[PDB]
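Protein chains in written order, with PDB author numbering: chain A, 55 to 508; chain B, 59 to 507.
Every residue gets a Cβ at the ideal spot worked out from N, C-alpha and C, and that includes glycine.
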Amino acid sequence: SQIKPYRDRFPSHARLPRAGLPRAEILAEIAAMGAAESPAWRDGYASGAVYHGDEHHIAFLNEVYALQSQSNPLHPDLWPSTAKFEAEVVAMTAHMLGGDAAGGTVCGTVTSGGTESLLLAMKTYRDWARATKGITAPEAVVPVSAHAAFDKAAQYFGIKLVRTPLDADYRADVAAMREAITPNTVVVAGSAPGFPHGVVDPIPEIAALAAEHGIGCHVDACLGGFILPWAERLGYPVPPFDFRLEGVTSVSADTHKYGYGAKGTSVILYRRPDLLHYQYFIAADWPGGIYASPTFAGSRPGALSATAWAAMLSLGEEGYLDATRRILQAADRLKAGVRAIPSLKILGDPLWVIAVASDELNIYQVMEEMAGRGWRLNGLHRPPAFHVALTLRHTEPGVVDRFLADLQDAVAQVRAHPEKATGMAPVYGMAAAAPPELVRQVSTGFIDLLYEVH
Amino acid sequence: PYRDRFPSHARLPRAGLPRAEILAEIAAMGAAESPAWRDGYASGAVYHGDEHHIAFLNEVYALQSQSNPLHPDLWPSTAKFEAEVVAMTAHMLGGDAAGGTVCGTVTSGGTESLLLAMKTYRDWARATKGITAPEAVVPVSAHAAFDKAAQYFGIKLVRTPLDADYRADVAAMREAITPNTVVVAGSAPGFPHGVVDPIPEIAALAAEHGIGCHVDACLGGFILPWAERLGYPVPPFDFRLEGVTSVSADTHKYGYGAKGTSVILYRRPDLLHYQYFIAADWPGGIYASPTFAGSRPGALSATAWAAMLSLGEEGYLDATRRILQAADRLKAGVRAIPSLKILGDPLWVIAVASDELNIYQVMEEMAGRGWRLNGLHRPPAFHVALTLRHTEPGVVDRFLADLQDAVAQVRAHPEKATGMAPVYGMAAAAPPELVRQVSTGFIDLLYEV
Ligand SMILES: COc1cc(C)c(CNC[C@@H](NC(=O)c2cc(C)on2)c2ccc(C#CCO)cc2)cc1C
Ligand SMILES: COc1cc(C)c(CNC[C@@H](NC(=O)c2cc(C)on2)c2ccc(C#CCO)cc2)cc1C
């Protein structure tokens with residue numbers, strides 16, 4: 055119920071006021087909530103959530119939004135600027151992701167986020183495989199670690215999703231993937247890296263598996279697309295993961311993540327225009343005129359595409375290199391510190407999204423102790439663990455040292471009381487062992503709580 | 059047109075470009091593009107457009123720019139804004155008449171509200187009626203998004219004909235209903251001709267068959283309640299009708315919020331719960347989605363909340379009065395040009411057609427004078443969706459003078475077909491496979507560097 059802390063701070067609104075409220079009063083309330091909320095992400099207490107977070111970069115993008123606020127890309131005749139920004143965002147991302155190696159046929163679109171990029175990629179493989187291979191019962195083979203949006207795509211578009219086991223390094227077991235391929239498989243996927251444990255899947259081998267079966271290979275680089283090319287140039291071990299690989303037929307990369315654009319954008323890329331074409335929706339007989347959508351949406355907030363273009367141009371190759379170096383050096387420091395705490399262990403060998411578990415202590419209480427110190431960490435299960443996705447906010451002076459000091463104490467306090475399960479720890483413990491319908495019932499109730507007006 | 063005016067960026071620059079330089083380029087494009095919508099030349103596209111209202115919303119955006127409602131623990135401000143936008147919208151659309159069970163979510167736009175409602179009806183029907191081959195019945199005039207939904211979620215869409223008033227023929231909708239029908243829909247109003255369908259009749263049809271009734275009020279949700287209070291004739295179209303099970307309404311249209319938001323409402327929580335996505339076995343943790351997206355631009359929900367609050371009932375009533383008064387004056391003027399006809403009897407989205415002349419040439423003559431109108435087909439026509447931008451001094455008078463000149467020019471030369479007029483003509487005559495081909499090339503053209 056700390057998800058509803060303004061219940062007794064600001065007046066609630068279940069109905070429109072009769073008279074319009076003063077603009078200065080609306081602004082005062084919003085700024086007051088900003089004063090309460092901003093320190094958590096600004097001062098480096100949030101895992102992921104805010105990727106850049108510098109006040110001058112934010113002020114720069116807020117100005118870009120302001121200049122382009124009326125932009126709706128559904129009307130390129132009215133906003134040709136925005137069509138230019140989206141075309142250039144896609145062209146620049148494709149090039150960064152080995153697009154020239156594919157022969158200059160790499161194309162794509164700007165989306166509302168990573169989820170849309172993954173859903174669109176799944177719908178496209180389903181539609182392409184039906185029209186060209188005649189598959190009417192589509193299947194998709196992905197590792198267990200692959201994004202929850204794959205499950206969302208399966209249920210929405212009627213694709214059978216086959217999730218395959220991981221190895222001891224929390225990487226996709228490719229042999230398990232090969233064994234799951236049937237004549238109905240439309241796509242195989244790999245994560246670069248996956249969200250739970252920040253490990254990069256063996257993409258060259260996943261791409262070669264797809265190529266030999268004549269199926270799609272989607273690379274989910276939503277998290278790593280804007281990190282991994284720079285990590286490669288810096289001396290860090292990163293296998294080829296993009297269009298440089300022959301079997302790779304699509305890549306998703308989030309401009310609103312490490313691209314450092316404003317929330318609300320991502321990029322979906324395909325190796326060829328013939329694949330891209332299956333993503334489009336075209337209505338030819340509607341009295342409202344000829345209608346064509348490249349993505350899920352009709353009307354779109356064009357100003358957010360402009361923030362993505364403005365962010366990429368302001369950073370350039372050097373900015374992205376320098377941002378990755380900072381993130382990866384902060385990650386190296388954090389990994390070394392965690393590995394020096396006796397009761398903790400890191401899952402796999404990640405470069406910057408660090409999952410921490412314990413064979414000795416209840417990691418959910420260790421996590422709860424951190425929450426008690428203001429840390430906002432992602433809680434994981436299968437296995438129980440928490441993770442920290444390092445951002446530019448965690449590269450600021452003293453943030454990693456503050457995390458390490460607070461983790462040292464958290465472990466000590468749980469080592470003294472291993473029975474302690476306070477706050478959110480029993481919920482996470484319950485959740486990890488709960489049957490799916492109990493999880494479904496509790497999640498439905500949590501979403502309903504978010505929409506409560508009192 | 060910026061091809062040679064501004065340098066093209068097909069690759070990231072080696073070194074970052076100065077922030078001031080990027081802003082100067084974006085502002086340059088802004089100065090060239092803003093007059094079209096600001097001076098009232100664009101049909102729909104920009105719904106409010108006043109400099110001070112825009113400046114207020116841009117400041118609301120700046121204060122909430124980091125907001126991501128995927129994290130309500132970090133941004134409880136946005137979860138509150140989304141709850142209150144839904145509550146206020148539900149109340150405005152007769153939600154009280156349902157005893158307090160009306161609930162919903164904020165979406166990215168009108169398309170997502172329509173897509174979400176179609177998937178909810180599909181999932182609800184499979185779960186409770188055992189329907190595995192779902193169908194949906196809509197008038198031919200219902201948004202193209204119903205076809206996107208049908209194709210995405212594997213629902214058979216059955217489009218039914220209109221009557222002489224361009225309103226849905228409900229007798230035809232009844233004849234399309236099979237035991238596999240999960241939902242029927244009506245528009246309030248439809249986009250093509252701006253006419254409200256017979257929602258009472260459609261909602262009665264749905265209730266009688268135990269199926270859902272979706273009302274597409276994306277365009278009219280923030281106009282119609284206020285049109286009613288003003289004494290204008292409007293068929294009841296919302297939760298006042300027992301048969302209506304869901305309503306969609308766009309806050310980013312006549313709600314005057316910034317682009318990127320809409321609302322989907324359902325009559326009951328049991329219905330809404332079929333919209334939600336829940337993953338229970340993912341190592342990334344328990345994952346729940348109220349809509350299609352994961353991360354979302356929470357700042358756009360804040361602009362919707364801020365707009366609704368700054369206007370209130372009086373603000374919406376004043377905005378609707380101005381738009382309806384501009385529409386009355388525009389419709390009267392059109393009716394004083396006998397070569398033209400209005401399709402149906404719309405309140406503010408006016409479609410104009412001609413039996414005597416080539417309407418696509420009349421449209422071309424208006425485009426020459428700066429007008430940005432929507433070209434329609436089945437039948438050939440154009441439309442004007444009136445906004446607060448057309449309520450400004452002399453915009454409708456300018457429109458009617460340009461329209462009188464456009465008609466005199468086409469009457470002088472019935473054979474004239476210039477600019478975009480042969481394109482529209484060709485496209486209205488074209489087989490669907492050629493329409494698909496040209497539109498694909500058009501999208502490829504938009505992403506060309
Ligand atoms: C085959 O040749 C043609 C191809 C096209 C597309 C046109 C123009 N038709 C207007 C249409 N635009 C788009 O589909 C669109 C998508 C993107 C991106 O840019 N434009 C549109 C846009 C919005 C509504 C609407 C609405 C209520 O929500 C209706 C129609 C003309 C000809 C002759
Ligand atoms: C009652 O059982 C539970 C139910 C929930 C939902 C939680 C929280 N789990 C974190 C989860 N959040 C959400 O699903 C969510 C949606 C909205 C709105 O608010 N939260 C999340 C969010 C994002 C990623 C990700 C990613 C890469 O894209 C992963 C997990 C905990 C327990 C024990």
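- The Cβ atoms of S199/A and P250/A sit closer than 7 Å to each other.
- Chain B places a beta carbon closer than 7 Å to that of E371/A, counting this residue as a contact.
- Using a Cβ distance threshold of 7 Å, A145/A and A68/B count as a contacting pair.
- Of all residues in the segment 315 to 336 of chain B, only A316, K317, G318, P327, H331, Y334, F335, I336 place a beta-carbon less than 8 Å from a beta-carbon of chain A.
- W284/A is outside the set of residues whose beta carbon lies under 7 Å from a beta carbon in chain B.
- Residue contact with chain A for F297/B: absent (no Cβ-Cβ distance below 7 Å to any residue of chain A).
- Annotated as distal: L121/A and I408/B, with beta-carbon spacing of 7 Å or more.
- In the DSSP annotation of this structure, the continuous segment of the beta strand (DSSP E) that includes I336/A starts and ends at 335 to 337.
- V454/B has no beta-bridge partner at all, per DSSP.
- Secondary structure at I408/B: strand, using DSSP grouped into helix, strand and coil.
- Taken in chain order, the unbroken stretches of beta strand (DSSP E) that lie wholly in the segment 255 to 304 of chain B and span 3 residues or more are 270 to 274.
- The alpha-carbon separation between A185/A and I213/A amounts to approximately 15 Å.
- It is roughly 6 Å from the alpha-carbon of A202/A to the alpha-carbon of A337/B.
- The C-beta distance from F350/A to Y312/A rounds to 23 Å, too long to meet the 8 Å contact threshold.
- Pairing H448/B with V195/A, the inter-Cα distance amounts to about 54 Å.
- DSSP places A307/B within a strand segment (E or B) once states are collapsed to three.
- One alpha carbon belongs to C161/B, the other to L172/B, and they sit about 16 Å apart.
- Per DSSP, the unbroken alpha helix (DSSP H) holding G391/A starts and ends at 356 to 392.
- The Cβ atoms of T303/A and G343/A do not sit closer than 7 Å to each other.
- With fewer than three CB-CB distances shorter than 8 Å, the segment 167 to 182 of chain B does not count as touching the segment 282 to 301 of chain B.
- Distances from the alpha-carbon of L504/B to those of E142/A, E117/A, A265/A, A113/A put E142/A closest.
- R96/B carries a helical assignment under DSSP once its states are collapsed to helix, strand and coil.
- The alpha-carbon of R61/B is positioned some 37 Å away from that of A183/A.
- In the three-state reduction of the DSSP assignment, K138/A falls in the helix class.
- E117/A belongs to the set of residues whose beta carbon lies under 7 Å from a beta carbon in chain B.
- At a cut-off of 7 Å between C-beta atoms, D154/A does not count as an interface residue with respect to chain B.
- Relative to the non-hydrogen atoms of ligand 1, the Cβ of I57/A never comes closer than 6 Å to any of them.
- Neighbourhood of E91/B in chain A, by CB distance below 8 Å: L132, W133, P134, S135, in chain order.
- Shortest gap from the CB of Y345/B to any heavy atom of ligand 2: under 6 Å.
- At least 7 Å separates the CB of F457/B from every CB of chain A.
- For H149/B, the nearest CB of chain A lies under 7 Å from its own CB, placing it at the interface with that chain.
- For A262/A, the closest of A243/A, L277/A, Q383/A by C-alpha to C-alpha distance is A243/A.
- Assignment of beta-bridge partners to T239/B by DSSP yields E193/B.
- Annotated three-state conformation of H441/B is strand, per DSSP.
- Here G152/B has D296, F297, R298 as same chain residues with Cβ atoms under 7 Å from its own Cβ, once five neighbours each way along the sequence are excluded.
- Here the alpha carbons of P404/B and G289/B stand approximately 15 Å from one another.
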